[PDB]
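Structure below is target_32.tsv: TSV, C-alpha atoms.
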```tsv
chain	number	residue	atom	x	y	z
U	1	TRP	CA	0.00	0.00	0.00
U	2	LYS	CA	0.97	3.61	-0.65
U	3	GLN	CA	-0.65	6.96	0.14
U	4	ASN	CA	-0.47	10.02	-2.11
U	5	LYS	CA	-0.57	13.72	-1.25
U	6	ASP	CA	-4.37	13.79	-1.10
U	7	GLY	CA	-4.46	10.92	1.38
U	8	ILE	CA	-5.71	8.34	-1.12
U	9	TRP	CA	-4.49	4.84	-0.28
U	10	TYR	CA	-3.61	3.07	-3.53
U	11	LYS	CA	-2.04	-0.25	-4.45
U	12	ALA	CA	-1.29	-2.09	-7.68
U	13	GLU	CA	-3.45	-5.16	-8.29
U	14	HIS	CA	-4.47	-6.91	-11.51
U	15	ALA	CA	-7.76	-8.81	-11.19
U	16	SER	CA	-11.35	-8.97	-12.43
U	17	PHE	CA	-14.44	-7.86	-10.49
U	18	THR	CA	-18.02	-9.04	-11.05
U	19	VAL	CA	-20.72	-6.80	-9.57
U	20	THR	CA	-23.14	-8.68	-7.31
U	21	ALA	CA	-24.85	-5.66	-5.74
U	22	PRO	CA	-28.59	-5.88	-6.58
U	23	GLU	CA	-29.02	-2.28	-7.79
U	24	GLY	CA	-25.56	-2.10	-9.37
U	25	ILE	CA	-22.70	0.17	-8.38
U	26	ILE	CA	-22.28	3.86	-9.21
U	27	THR	CA	-18.96	4.77	-10.83
U	28	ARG	CA	-17.12	8.09	-10.62
U	29	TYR	CA	-14.61	10.05	-12.67
U	30	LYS	CA	-11.35	11.73	-11.59
U	31	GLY	CA	-10.92	9.76	-8.36
U	32	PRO	CA	-12.24	7.41	-5.64
U	33	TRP	CA	-14.53	10.00	-4.06
U	34	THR	CA	-18.32	10.11	-3.86
U	35	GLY	CA	-18.22	13.85	-4.60
U	36	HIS	CA	-16.75	13.45	-8.09
U	37	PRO	CA	-18.93	13.40	-11.22
U	38	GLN	CA	-20.73	10.14	-11.89
U	39	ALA	CA	-19.31	7.98	-14.69
U	40	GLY	CA	-22.19	5.49	-14.96
U	41	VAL	CA	-23.57	2.44	-13.17
U	42	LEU	CA	-22.19	-1.11	-13.33
U	43	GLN	CA	-25.14	-3.47	-12.92
U	44	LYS	CA	-25.26	-6.94	-11.38
U	45	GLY	CA	-23.61	-9.64	-13.46
U	46	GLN	CA	-21.36	-7.22	-15.34
U	47	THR	CA	-17.61	-7.76	-14.95
U	48	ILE	CA	-14.62	-5.44	-15.26
U	49	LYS	CA	-10.86	-5.79	-14.89
U	50	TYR	CA	-9.20	-3.23	-12.63
U	51	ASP	CA	-5.51	-2.44	-12.29
U	52	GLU	CA	-5.44	-0.49	-9.01
U	53	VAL	CA	-7.22	-0.54	-5.65
U	54	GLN	CA	-7.84	2.52	-3.48
U	55	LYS	CA	-9.08	3.19	0.05
U	56	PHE	CA	-10.71	6.60	0.46
U	57	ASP	CA	-13.95	8.33	1.41
U	58	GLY	CA	-14.99	5.49	3.68
U	59	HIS	CA	-14.84	2.91	0.88
U	60	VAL	CA	-12.47	0.55	-0.92
U	61	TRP	CA	-12.26	1.35	-4.63
U	62	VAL	CA	-11.04	-0.32	-7.80
U	63	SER	CA	-9.98	1.66	-10.86
U	64	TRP	CA	-9.47	0.95	-14.55
U	65	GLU	CA	-9.13	2.78	-17.85
U	66	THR	CA	-11.97	2.76	-20.37
U	67	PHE	CA	-11.71	2.47	-24.14
U	68	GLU	CA	-11.84	6.27	-24.28
U	69	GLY	CA	-8.81	6.62	-21.99
U	70	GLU	CA	-10.72	7.91	-18.96
U	71	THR	CA	-10.01	6.46	-15.53
U	72	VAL	CA	-13.08	5.20	-13.64
U	73	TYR	CA	-13.22	4.47	-9.91
U	74	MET	CA	-15.73	2.10	-8.30
U	75	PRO	CA	-16.43	1.37	-4.62
U	76	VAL	CA	-16.40	-2.31	-3.70
U	77	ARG	CA	-16.78	-2.28	0.09
U	78	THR	CA	-17.00	-0.02	3.12
U	79	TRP	CA	-13.81	1.02	4.90
U	80	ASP	CA	-13.27	2.53	8.35
U	81	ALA	CA	-10.22	4.77	8.05
U	82	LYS	CA	-9.60	4.95	11.80
U	83	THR	CA	-9.67	1.18	12.41
U	84	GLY	CA	-9.08	-0.41	8.99
U	85	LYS	CA	-12.19	-2.60	9.23
U	86	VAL	CA	-13.64	-3.45	5.81
U	87	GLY	CA	-17.23	-4.43	5.07
U	88	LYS	CA	-18.88	-7.04	2.88
U	89	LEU	CA	-17.61	-7.21	-0.70
U	90	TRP	CA	-20.12	-6.01	-3.30
U	91	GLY	CA	-18.95	-8.60	-5.81
U	92	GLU	CA	-16.51	-11.39	-6.56
U	93	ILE	CA	-12.81	-11.23	-7.40
```

How does the structure come out when it is put into structure tokens?
Amino acid sequence: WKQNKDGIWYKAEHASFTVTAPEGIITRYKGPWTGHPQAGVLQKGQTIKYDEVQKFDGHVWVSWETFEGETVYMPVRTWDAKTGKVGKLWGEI
């Protein structure tokens, strides 16, 4: 794990994620923060391959690049910054 200037915990990791959340997962642009503009919604059953994992804004995120070259961040589980406790995974890896 490594932390950048903004306090975003990131780590390299190459794996695939399949969304199992009933109502899908909302994706964001720019970074792993709920306040960033929405990039779409990944619905149940859909799978993506991420190249980096982040811990920020009370969640664990996975990121990847789209065909268009934009980086998209997706939350995958809750994260308590003060204790490090992580919640249920919203999909399979």

Inset, instruction - For segment 68-75 of chain U, please output as a VMD selection string all residues within 10 Å (counting only C-alpha atoms; exclusion window: fewer than 3 positions along the same chain). - result: chain U and resid 25 to 34 36 38 to 42 50 52 to 65 78 to 79 89 to 90

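Put simply, atom CA of residue 88 of chain U is 17.2 Å away from atom CA of residue 45 of chain U.
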
To test the calculation: enclose all listed atoms of segment 31-37 of chain U in a box whose edges run along x, y and z, add 8 Å on each side, then state centre and edge lengths in Å to one decimal, as AutoDock Vina command-line options.
```
--center_x -14.9 --center_y 10.6 --center_z -7.5 --size_x 24.0 --size_y 22.4 --size_z 23.4
```

Legend entry - Point-to-point distance in Å for atom CA of residue 22 of chain U and atom CA of residue 93 of chain U: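 One can read the atom CA of residue 93 of chain U to atom CA of residue 22 of chain U distance as 16.7 Å.
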
Inset, instruction - Rounded to one decimal place, report the atom CA of residue 87 of chain U-atom CA of residue 4 of chain U distance in Å. - result: 23.3 Å

Inset, instruction - Identify the residues within 9 Å of coordinate (-23.3, -8.7, -6.0) (same frame as the file), considering all atoms listed in the file, and give the answer as an MDAnalysis selection string. - result: chainID U and resid 18:24 43:45 89:92

From the block I gave, I'd like segment 15-45 of chain U written with N, CA, C and O atoms, as a PDB file, in the first residue's frame.
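Writing the result to part-v5.pdb gives the following:
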```
ATOM      1  N   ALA U  15      -6.738  -7.784 -11.367  1.00  0.00           N
ATOM      2  CA  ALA U  15      -7.757  -8.811 -11.187  1.00  0.00           C
ATOM      3  C   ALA U  15      -9.067  -8.323 -11.793  1.00  0.00           C
ATOM      4  O   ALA U  15      -9.203  -7.157 -12.175  1.00  0.00           O
ATOM      5  N   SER U  16     -10.032  -9.239 -11.878  1.00  0.00           N
ATOM      6  CA  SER U  16     -11.353  -8.966 -12.427  1.00  0.00           C
ATOM      7  C   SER U  16     -12.382  -8.910 -11.306  1.00  0.00           C
ATOM      8  O   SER U  16     -12.286  -9.641 -10.317  1.00  0.00           O
ATOM      9  N   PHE U  17     -13.374  -8.036 -11.469  1.00  0.00           N
ATOM     10  CA  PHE U  17     -14.440  -7.855 -10.491  1.00  0.00           C
ATOM     11  C   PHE U  17     -15.796  -8.009 -11.167  1.00  0.00           C
ATOM     12  O   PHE U  17     -16.056  -7.380 -12.199  1.00  0.00           O
ATOM     13  N   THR U  18     -16.656  -8.837 -10.579  1.00  0.00           N
ATOM     14  CA  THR U  18     -18.023  -9.037 -11.050  1.00  0.00           C
ATOM     15  C   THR U  18     -18.992  -8.451 -10.032  1.00  0.00           C
ATOM     16  O   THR U  18     -19.003  -8.867  -8.868  1.00  0.00           O
ATOM     17  N   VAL U  19     -19.804  -7.491 -10.473  1.00  0.00           N
ATOM     18  CA  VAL U  19     -20.716  -6.805  -9.567  1.00  0.00           C
ATOM     19  C   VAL U  19     -21.835  -7.751  -9.159  1.00  0.00           C
ATOM     20  O   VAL U  19     -22.502  -8.358 -10.008  1.00  0.00           O
ATOM     21  N   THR U  20     -22.046  -7.884  -7.850  1.00  0.00           N
ATOM     22  CA  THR U  20     -23.141  -8.676  -7.311  1.00  0.00           C
ATOM     23  C   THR U  20     -24.150  -7.830  -6.549  1.00  0.00           C
ATOM     24  O   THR U  20     -25.154  -8.371  -6.069  1.00  0.00           O
ATOM     25  N   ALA U  21     -23.915  -6.528  -6.427  1.00  0.00           N
ATOM     26  CA  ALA U  21     -24.855  -5.656  -5.741  1.00  0.00           C
ATOM     27  C   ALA U  21     -26.171  -5.605  -6.511  1.00  0.00           C
ATOM     28  O   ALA U  21     -26.162  -5.397  -7.732  1.00  0.00           O
ATOM     29  N   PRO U  22     -27.311  -5.799  -5.845  1.00  0.00           N
ATOM     30  CA  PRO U  22     -28.586  -5.885  -6.582  1.00  0.00           C
ATOM     31  C   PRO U  22     -28.836  -4.714  -7.523  1.00  0.00           C
ATOM     32  O   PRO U  22     -29.122  -4.924  -8.709  1.00  0.00           O
ATOM     33  N   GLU U  23     -28.723  -3.482  -7.026  1.00  0.00           N
ATOM     34  CA  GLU U  23     -29.020  -2.279  -7.792  1.00  0.00           C
ATOM     35  C   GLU U  23     -27.801  -1.745  -8.542  1.00  0.00           C
ATOM     36  O   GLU U  23     -27.825  -0.606  -9.023  1.00  0.00           O
ATOM     37  N   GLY U  24     -26.749  -2.548  -8.676  1.00  0.00           N
ATOM     38  CA  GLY U  24     -25.562  -2.099  -9.370  1.00  0.00           C
ATOM     39  C   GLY U  24     -24.720  -1.188  -8.497  1.00  0.00           C
ATOM     40  O   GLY U  24     -25.029  -0.915  -7.335  1.00  0.00           O
ATOM     41  N   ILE U  25     -23.627  -0.703  -9.079  1.00  0.00           N
ATOM     42  CA  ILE U  25     -22.696   0.173  -8.382  1.00  0.00           C
ATOM     43  C   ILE U  25     -22.484   1.430  -9.214  1.00  0.00           C
ATOM     44  O   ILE U  25     -22.316   1.358 -10.436  1.00  0.00           O
ATOM     45  N   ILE U  26     -22.496   2.581  -8.547  1.00  0.00           N
ATOM     46  CA  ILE U  26     -22.285   3.862  -9.212  1.00  0.00           C
ATOM     47  C   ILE U  26     -20.789   4.111  -9.342  1.00  0.00           C
ATOM     48  O   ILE U  26     -20.034   3.958  -8.374  1.00  0.00           O
ATOM     49  N   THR U  27     -20.356   4.492 -10.541  1.00  0.00           N
ATOM     50  CA  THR U  27     -18.957   4.768 -10.828  1.00  0.00           C
ATOM     51  C   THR U  27     -18.727   6.270 -10.939  1.00  0.00           C
ATOM     52  O   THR U  27     -19.642   7.036 -11.254  1.00  0.00           O
ATOM     53  N   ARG U  28     -17.489   6.683 -10.674  1.00  0.00           N
ATOM     54  CA  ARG U  28     -17.121   8.089 -10.622  1.00  0.00           C
ATOM     55  C   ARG U  28     -15.933   8.352 -11.538  1.00  0.00           C
ATOM     56  O   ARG U  28     -15.179   7.442 -11.890  1.00  0.00           O
ATOM     57  N   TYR U  29     -15.773   9.616 -11.922  1.00  0.00           N
ATOM     58  CA  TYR U  29     -14.606  10.053 -12.672  1.00  0.00           C
ATOM     59  C   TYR U  29     -13.568  10.663 -11.726  1.00  0.00           C
ATOM     60  O   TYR U  29     -13.802  10.835 -10.526  1.00  0.00           O
ATOM     61  N   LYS U  30     -12.401  10.992 -12.288  1.00  0.00           N
ATOM     62  CA  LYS U  30     -11.349  11.728 -11.592  1.00  0.00           C
ATOM     63  C   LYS U  30     -10.700  10.915 -10.479  1.00  0.00           C
ATOM     64  O   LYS U  30      -9.489  10.681 -10.514  1.00  0.00           O
ATOM     65  N   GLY U  31     -11.479  10.484  -9.486  1.00  0.00           N
ATOM     66  CA  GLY U  31     -10.921   9.762  -8.364  1.00  0.00           C
ATOM     67  C   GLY U  31     -11.916   8.975  -7.531  1.00  0.00           C
ATOM     68  O   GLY U  31     -13.129   9.006  -7.761  1.00  0.00           O
ATOM     69  N   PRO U  32     -11.402   8.250  -6.524  1.00  0.00           N
ATOM     70  CA  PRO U  32     -12.238   7.411  -5.639  1.00  0.00           C
ATOM     71  C   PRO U  32     -12.927   8.226  -4.552  1.00  0.00           C
ATOM     72  O   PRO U  32     -12.677   8.079  -3.351  1.00  0.00           O
ATOM     73  N   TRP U  33     -13.830   9.107  -4.976  1.00  0.00           N
ATOM     74  CA  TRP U  33     -14.526   9.998  -4.060  1.00  0.00           C
ATOM     75  C   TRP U  33     -15.972  10.150  -4.500  1.00  0.00           C
ATOM     76  O   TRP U  33     -16.243  10.384  -5.681  1.00  0.00           O
ATOM     77  N   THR U  34     -16.896  10.009  -3.547  1.00  0.00           N
ATOM     78  CA  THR U  34     -18.316  10.107  -3.861  1.00  0.00           C
ATOM     79  C   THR U  34     -18.692  11.471  -4.423  1.00  0.00           C
ATOM     80  O   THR U  34     -19.696  11.581  -5.135  1.00  0.00           O
ATOM     81  N   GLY U  35     -17.912  12.511  -4.122  1.00  0.00           N
ATOM     82  CA  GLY U  35     -18.215  13.847  -4.600  1.00  0.00           C
ATOM     83  C   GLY U  35     -17.864  14.124  -6.046  1.00  0.00           C
ATOM     84  O   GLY U  35     -18.272  15.163  -6.573  1.00  0.00           O
ATOM     85  N   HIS U  36     -17.124  13.233  -6.698  1.00  0.00           N
ATOM     86  CA  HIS U  36     -16.748  13.445  -8.086  1.00  0.00           C
ATOM     87  C   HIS U  36     -17.922  13.166  -9.020  1.00  0.00           C
ATOM     88  O   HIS U  36     -18.902  12.525  -8.635  1.00  0.00           O
ATOM     89  N   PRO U  37     -17.842  13.644 -10.261  1.00  0.00           N
ATOM     90  CA  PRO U  37     -18.930  13.402 -11.217  1.00  0.00           C
ATOM     91  C   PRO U  37     -19.135  11.915 -11.464  1.00  0.00           C
ATOM     92  O   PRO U  37     -18.185  11.130 -11.484  1.00  0.00           O
ATOM     93  N   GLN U  38     -20.396  11.533 -11.653  1.00  0.00           N
ATOM     94  CA  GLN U  38     -20.727  10.136 -11.892  1.00  0.00           C
ATOM     95  C   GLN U  38     -20.322   9.721 -13.301  1.00  0.00           C
ATOM     96  O   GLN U  38     -20.506  10.468 -14.265  1.00  0.00           O
ATOM     97  N   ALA U  39     -19.764   8.515 -13.414  1.00  0.00           N
ATOM     98  CA  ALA U  39     -19.307   7.978 -14.688  1.00  0.00           C
ATOM     99  C   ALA U  39     -20.215   6.891 -15.244  1.00  0.00           C
ATOM    100  O   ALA U  39     -19.948   6.382 -16.338  1.00  0.00           O
ATOM    101  N   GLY U  40     -21.274   6.521 -14.530  1.00  0.00           N
ATOM    102  CA  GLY U  40     -22.193   5.490 -14.956  1.00  0.00           C
ATOM    103  C   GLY U  40     -22.513   4.549 -13.818  1.00  0.00           C
ATOM    104  O   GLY U  40     -22.179   4.798 -12.655  1.00  0.00           O
ATOM    105  N   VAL U  41     -23.175   3.443 -14.154  1.00  0.00           N
ATOM    106  CA  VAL U  41     -23.569   2.440 -13.170  1.00  0.00           C
ATOM    107  C   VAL U  41     -23.247   1.060 -13.726  1.00  0.00           C
ATOM    108  O   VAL U  41     -23.692   0.711 -14.825  1.00  0.00           O
ATOM    109  N   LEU U  42     -22.472   0.280 -12.976  1.00  0.00           N
ATOM    110  CA  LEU U  42     -22.191  -1.106 -13.325  1.00  0.00           C
ATOM    111  C   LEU U  42     -23.218  -2.000 -12.638  1.00  0.00           C
ATOM    112  O   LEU U  42     -23.268  -2.061 -11.405  1.00  0.00           O
ATOM    113  N   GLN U  43     -24.034  -2.683 -13.433  1.00  0.00           N
ATOM    114  CA  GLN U  43     -25.141  -3.472 -12.917  1.00  0.00           C
ATOM    115  C   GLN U  43     -24.680  -4.872 -12.519  1.00  0.00           C
ATOM    116  O   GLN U  43     -23.580  -5.318 -12.854  1.00  0.00           O
ATOM    117  N   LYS U  44     -25.549  -5.567 -11.786  1.00  0.00           N
ATOM    118  CA  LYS U  44     -25.264  -6.936 -11.380  1.00  0.00           C
ATOM    119  C   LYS U  44     -24.951  -7.802 -12.594  1.00  0.00           C
ATOM    120  O   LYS U  44     -25.512  -7.622 -13.677  1.00  0.00           O
ATOM    121  N   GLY U  45     -24.030  -8.744 -12.406  1.00  0.00           N
ATOM    122  CA  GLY U  45     -23.608  -9.637 -13.456  1.00  0.00           C
ATOM    123  C   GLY U  45     -22.495  -9.107 -14.338  1.00  0.00           C
ATOM    124  O   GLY U  45     -21.711  -9.899 -14.868  1.00  0.00           O
TER     125      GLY U  45
END
```
